[PDB]
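Below: the structure, in structure tokens.
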Protein chains: 2
Amino acid sequence: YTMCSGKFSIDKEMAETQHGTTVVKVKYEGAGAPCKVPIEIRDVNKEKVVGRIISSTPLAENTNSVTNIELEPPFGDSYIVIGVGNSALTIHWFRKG
Amino acid sequence: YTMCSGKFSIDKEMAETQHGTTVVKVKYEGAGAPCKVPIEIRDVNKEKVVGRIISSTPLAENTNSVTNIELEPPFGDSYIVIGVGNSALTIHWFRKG
């Protein structure tokens, strides 16, 4: 699979789980599915944080499909960008230490 | 910057340099520039190979702009995917050991 080229929207706001992760649900509104949900997690220095995605490589299976994404945000501020281009969405998360 | 959402084409075929790298030039034909050229390098097991991009984070500055990309392919077979979606291009490279 290649990365989805189209727009995503938040289907369920990012929320903390009980086992030290967060989960967010996104709806894929674009074309070219099945395709990989583009997900990048960066710290305050805009540097990528690796290995924090818990879900097996999240896919948008079809146009309008909803995908569950489980993440393990680092401590402090992280900026999670889902999608590509001008329609990419950013989620700011703060994890208290 | 976010990742470019649009189509790229090969402007200059991937070629070996003298100092143990390769260089390929791509033309960005899409919108939303300036944006980051999406580049992933995977091995035969389709696993990402990290730290092989020599160029500072390649950008497409504008629609129709041409970007120079210097890479350090791993030994053996690597598959370099530029772009996203159904218009993403794949380059197969073999590096003799």
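Counting neighbours? That spans all protein chains shown, and the Cβs are built from the backbone with ideal geometry, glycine included. Where a number appears in this text, it was derived from the coordinates with a stated rule and is not lab data.
Counting, for every residue in B:34-46, the Cβ atoms of other protein chains within 10 Å of its Cβ and taking the mean gives 1.
Take the Cβ-Cβ distance between B:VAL44 and A:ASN86 as r, set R0 to 35 Å, and report the resulting FRET efficiency rounded to the nearest 0.05.
It comes out at approximately 0.50.
Computed across chain B, the Kirkwood radius stands at 13.5 Å (inverse of mean 1/r, all Cα pairs). Separation of region B:27-97 from region A:1-63 is 21 Å, based on Cα centroids.
Legend: mean number of C-beta atoms from other chains within 10 angstrom of residue C-beta atoms, peptide A:5-12, equals 2. Cross-link partners for B:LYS27 among the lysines, with Cα-Cα distance under 19 Å and sequence neighbours closer than 8 places in the same chain left out: B:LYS7, B:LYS12, B:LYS36.
Using the Cβ atoms and a cut-off under 15 Å, what net charge is assigned to the surroundings of A:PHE75, where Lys and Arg are +1 and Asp and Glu are -1?
-1
For B:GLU29, what charge total do you get from the other residues with a beta carbon under 12 Å from its beta carbon, if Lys and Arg give +1 and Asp and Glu give -1? So the environment of B:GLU29 carries a net charge of +1. Please sort by residue number the trypsin sites (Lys or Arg not before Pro) in region B:7-86 whose DSSP state is loop and whose Cβ has at most 10 other Cβ atoms within 10 Å. Listed in order of number, the matching sites are B:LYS46. Loop-resident chymotrypsin sites (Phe, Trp or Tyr not before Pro) (DSSP state other than H, G, I, E or B) in region B:14-82 with no more than 16 further Cβ atoms inside 10 Å of their Cβ: B:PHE75. Sorted shortest first, the separations between the A:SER9 label point and its copies elsewhere in the assembly read 3.5 nm; each point sits 7 Å from Cα along the Cα-to-Cβ line.
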